[PDB]
């Protein structure tokens, strides 16, 4: 053994550097097993339910392909007709569904609800995700930094550029800290993680040899790094008429061929957990491009970087499937 | 043999006490087979279609898990985009779909349509359900009364409290009558099954030794019973402003710790084919709780009974999966 | 070998009479394999994604049953929540999805998009269909004409009646031309395929011995044919108030028992790639029947032909599943 | 273990209430295993021989189907050409046949011969039966009384009506006595089992709580019983001209709707180990009906009971197959 | 699907040209599957009973080999000791036997009895045959005409010579009519099918393009046909002393090398559903040969045709096994 | 290879000492394979037909068990209803039966018929036997002499006592001659094999080192032999009243404890291909015992030898099954 058999993965802020390393070694070896055809199905006859409150195709397909490779079966239950709070309640419908399913994947907004599901279901609940966010895109990215750089975890350094609050900034700092990598965040001080959370990331960062800068100067943050990360900072919905101040703020932190070449090294790569606003060929992306001519070519990533080889965003998007398979196999599988 | 191979289960009012007993022995033994891992897949390579006109997750998941345990495969076809009466017609689309599928599950409102499907499809049609209602929650409940009480079918007595017209009242009386159990209904006379149907249930009740009371006095109806059943009587939609008279009527028939203790026996259990309005933690359930302070704690079941061990509603909800598996295995399977 | 392993079928206007014959021999033999139980699963452990921009149940079920018989697994991705052009772009989401899936089925309006998918996905893309339309209902129909008539392809003649522009008219002429059958189109000259396309169909028609008439006289077109084809010519949406001129035009081309008996032969059959407006028992079909009393019994096919044995429309509808299985097995399968 | 591996079942008058209960639990569970498809073949590669001196189709088919479900193979050897006493001798041909077969089924008249076979064969000999009669219709019937009444063995009571000497009367009293059921025999005193055998059945009846009446009054015997048993009392052959006195004797003991309603209870059932003279539609049954107009509608069972739902004679006839399978699996099978 | 799952084949005068074509395509493909070793067993663990009232080896062996290739198991029950009408009744013994078997094959004289069996058994009853006769030698012969001529069904013409009343004459006309072949009967007018049956065969013959002559002139009937059929017209039993008038009647209709060469074509073949009186080397055939010197070389077929290559009677006799396998696989098998 | 694949064994007088040795090594090793459970089934999916004109249970069971161990399937066709010469002819029914079966076993009187079967069937014909007699009891006995004595074939000597004409006498001399054993026949000169056949057995006896005496003195013939053989010499049927001269002739050649002790050696064994008239406990054996008091204890073998350990007649009777399995596996099996 040395197992985490039956453990929910409902978003963990709590996990040994030892469990996190077990979980990434297992996804590394399950990726290699698929490719080589050495993969054996250890979830045959297991049926999982997938309750998604927001539609999220890339996370549904990752659960669906991972569950299927391992012989499991999947019931996708929508946003359109899982009228959850309507007339039923997560507590009452998790109790019915842990009686028919073997594990449950959840993806909604309100992490508070994930906890009811996890509490009452009676069977592994895997938070695919919520706002509070992601355990698995966390381990997908570091699975990606590790296989591509071909260096031990602790000789990988990377930077995150701007709005380290929309929490890909927090989740990258959290895992760089527990695994002892060299993580640098580059955002304007109004947008750093709140300092009690950086205080935690420093508690962690000390037990491992982790280095954490937090600057506001991109060219610095990104110096000699392997892997530059960014993420869409404009909030679709807070209308659009005048993203203007937000756009004036983060537009220095635009990952672009100056920032990429600004890193020291010809092997630095760009990563982004998609969708990336990187040109006008989308309907959101023509709106913005009208009201802002100088975007219309990439808001937080320019096409001059997105569509040419600094970009491993799709190999990283795939790696999210090999991680959810690491989570279904150490929770469920007969090993 | 002794089979009902190829027989549609499209809602049967017609079935031998002998077929009903075959069908409950088979679900009893298929439940035990899952648990023990003695279950063999006898529907491998069978694909069933599931046309649902109203969304019903608990009945979709029961079809889906049952079909999957037995190696079958399922195509779920929505309410959103099975524009059935629109430009096609059940008669024309059942003829196309019996050519690609092996059996079809249906769940719509209008039992009249189930019959077209059953008539023209060319392949087993299983009425998951309609308004005319349920063959399988009928056999799920008596599968539940029988395994929990550990008594022969004929030494199980149970009561149904109020609005024995919204037909869980009819379906419980119908099957208590054919299997010779002791079934008591407790509702105000304006809400009894119409008497030609009780006349039928008495025809039946005589061939078996079945006892049928129909009172309006709860404490009587429920005396010395095993299993007390109820069901939501407020009709979501007939607006809400003033359920008042309905609420003044059925509120004496509220299953609650007086009614439960009112039964004679410390082993009586409560059953309900979910959703049960049993507190305000739902959005329908905050509406009502505002307009009616004295509900806001359970309309037809109080939380003082729902959330503490008189309640086997979830073991009964699971038992609906082991019954639909009894119906796919005696219709389809190679045995 | 002699394979088309890895070849996308994204709608081919380009294909050898040799590949088309390989593809119909394979669906013929895969139909027979299912029926006889000689079918072996050669797609086990293959997962395909099905992105449908318009809901199309009959084409989803054909992909779903074909993929399943062969052991594959299917992720259906809706119209409701594949907000494709919204904030992502086919080019970016095909690159993510060819990393998790093994092949992709597509069905949208805009053939232009199918090409992005096919270009960037990295894995077989099968156009289930678009407006530009169908490779597989093309081979389903000729699979149907060939097995039912029991004659070699070149001794099958058939007619298409009216509006040979709504392209079932073009696709029937295209394949009658490449396979050397005797194809006759019967429509008013304002509605013939545009003559540069008939010029192509004649280039083709010469290399094979194909005969192509194009008349405006039904009784002529249909003389001594095996198989009479038609299709709904009223465009649901271009309002309805006054289909009148369209209805006055094509109403001579109504396939009906005069046209069917007008063929020479007691074995002529009617075919139609469903839905067929053939009576009022539908909600579109009561609208029209009100505004047009003399339809209300079949717009392009009368019930006097649709519902009685000249009609093989459902055996042809099934044959669409055995063709998509011929396309998944020569693209994907390990043979 | 706890096995009776290798034990002949050549008709046992000697068997623990413990072995008899093992043998009926095993046939109960092997019935359920067939129905559920949980049955595994534990006699693969075992060949049994079936020497039948009188033709008996219902007992051959029960051996044949039971042996086959379990993967064994069967050689049926006739009455027509097993000229046994002719020029060979059971002792000499059992020694040859235990060298080629794995077990032997026997059915002849003379129980004395069964013993030679059992003594010299060298391999399990299962007495299918002789005049001395049946071990397996004994356990088939009580397997039937037990599953149908759904009561523990000791709360089942039953009656046998008239000629408790033609030994279905003895075999029912013998097993009611060892298993502690409530067995009542109803026959005229000239036709009771001989009293030293009732003395044995009382020795037995005391160790278990068994009640044994022996009356001559049907309406009494049958009072409040579950299951009324009878059997053909006219001996085909002792000519026919004048069965008259026999017919005047047992004709009060005719099971008929007075006797069936005479039992207390609406669930009493009739059982009979077929053939049952129950009407004239047979050639023996037209003979008798001529010489006796008032029979010609059922000699020991009237059609008014045989052909309408008090009659479980065919479910009991099937249960004879699940018992012979309990006997081949505890003798032979690798468990 | 498109199945006839569970359908008895107890002799059908009622069957779609569509079911008959399904049934012959399936036997065609099951013949090819045996030869090629592509055959999979889809009746494993199915046991069928074969009640034969007249001994018929060629029909027993065809059931037995077909049932065995598909993994089923067979209990043959004789004429010698199935004393059916004796003391039991088909209605009572079918109810016992549908409880142990999975399907039942029957072959007796009295079609009236087949119907009781089919009505009460509870499991597929396949009429192997009766006097009313054969569904399967009907489809064996047309399976034979179709594979040997290599022409579509409708380009096969054949003739039947004399005594088109002994119903091979009726069954050949019936199926030539439903499948649209060109069927000619050649018998003296006293021996034509009775005209209300030819009136039926003409109803049928019109919906398909079937041609039916009925002449009394052999050389005409047989002109340019593929396949000449005949059958023994002397009734063994209506003594023998003086078959004389029968022999003077049908002796012009003797299929012989004049009639065979009288057909137009060097590929015409002779067919006969054996036994064929075609020489004296039999004990019936020496009797007749004495009393009739000029027979003694072939009564309805001369040895000059029977024993030299116009004769496909044995390939047709085999084809009766591949048809009964088409009937066990579409009734029983898990496909 | 080195095979006799497809070779009929229809009784061979022609066979290399090399094929006979191959055939006995193979039955030796197939006996050992059964016992050890090293036996693999190499006849799976092979069906053989068994046409028996005289009933012969011991030879049917040997074919049946051998065919079954190897996965084959068997159709037994009787004497009662294979009315062979009646109205059909071996030549015509072998042609039908080689089309459905894979090999055919035959056992009739008239070896002349075996040859028609073998000539026309088209598939291996194994003469189980005829009057002309046995290839397999020949190799069963020498398989028995060889395993029991544990000596090489050529150091086994044996004697046959009286009526070396009823051809067990010829078949023992024939095989002792080809395999070079020491074979002695002991019968009165009126009953020796006819001398042209002994002339053949001497041709043979010289190429191998075979010794052949033919004496009329038992005590001599049997001196120092291993294995003493005899066989019933009274012909049941040539009435019985006065077997007297036959009984006075062969009664000196009675194998009995004088003859057995008369051999030199304490390991000599008696063999007999059963039935052996060895006492009165049979109905033929009480007839004779009345008319001949001094028999009534064993005509050609006395019970003082038959029923006590000089007697290996039943191990030899079993060995007939392991030989017919050597013949089905070298003819049919995929090795």
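The first residue you see is number 1, and the count goes up from there.
The way this entry was determined, per its header, is X-ray crystallography, 3.0 Å.
Cβ atoms are placed via backbone N, Cα and C, with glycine included.
The Cβ of residue B:320 (carbamoyl phosphate binding site) has 29 other Cβ atoms within 10 Å, all protein chains considered. Per Swiss-Prot, carbamoyl phosphate binding site is recorded for B:56, B:57, B:58, B:59, B:83, B:107, B:134, B:135, B:136, B:137, B:273, B:274, B:320.
For B:167, B:231, B:235, B:236, the entry in Swiss-Prot reads L-ornithine binding site. Note: residue B:235 (L-ornithine binding site) has non-local neighbours B:246, i.e. same-chain residues 6+ apart with C-beta under 8 A of its own C-beta.
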Quick one: give me the count of other CB atoms within 10 A of the CB of residue B:83 (carbamoyl phosphate binding site).
15
Of B:58, B:134, B:231, B:236, listed here as binding-site residues, which sit with their C-beta under 8 angstroms from a C-beta of chain A?
B:58, B:236
Secondary structure of residue B:136 (carbamoyl phosphate binding site) (DSSP, helix/strand/coil):
helix
Length of the line joining the Cα atoms of residue B:320 (carbamoyl phosphate binding site) and residue B:231 (L-ornithine binding site), in Å:
16
Quick one: give me the count of other CB atoms within 10 A of the CB of residue B:136 (carbamoyl phosphate binding site).
27
What is the number of other Cβ atoms found within 10 Å of the Cβ of residue B:231 (L-ornithine binding site)?
24
Would you mind checking how many other C-beta atoms are within 10 angstroms of the C-beta on residue B:134 (carbamoyl phosphate binding site)?
21
Tell me which of the binding-site residues B:167, B:231, B:236 ends up closest to residue B:58 (carbamoyl phosphate binding site) in space, Cα to Cα.
B:231
How big is the Cα-to-Cα gap, in Å, between residue B:136 (carbamoyl phosphate binding site) and residue B:236 (L-ornithine binding site)?
24
Give the three-state DSSP assignment (helix, strand or coil) for residue B:231 (L-ornithine binding site).
coil
Nearest by CA distance to residue B:83 (carbamoyl phosphate binding site): which of the binding-site residues is it, out of B:167, B:231, B:236?
B:236
Could you give the Cα-Cα distance between residue B:134 (carbamoyl phosphate binding site) and residue B:231 (L-ornithine binding site), in whole Å?
14
When you rank B:167, B:231, B:236 by Cα distance to residue B:273 (carbamoyl phosphate binding site), which of the binding-site residues ends up on top as the closest?
B:231
Cβ-Cβ under 8 Å from residue B:56 (carbamoyl phosphate binding site), same chain, 6 or more residues apart: which ones?
B:107, B:128, B:129
Where does residue B:167 (L-ornithine binding site) sit by DSSP, helix, strand or coil?
coil
Check each residue in the chain of residue B:167 (L-ornithine binding site) that is at least six apart in sequence and keep those whose C-beta is under 8 Å from its C-beta; list them in sequence order.
B:132, B:133
What is the one among the binding-site residues B:236, B:273 whose Cβ has the most other Cβ atoms less than or equal to 10 Å away?
B:273
If you measure every Cα to Cα distance among B:56, B:57, B:58, B:59, B:83, B:107, B:134, B:135, B:136, B:137, B:273, B:274, B:320, the residues said to bind carbamoyl phosphate, what is the biggest one in Å?
29
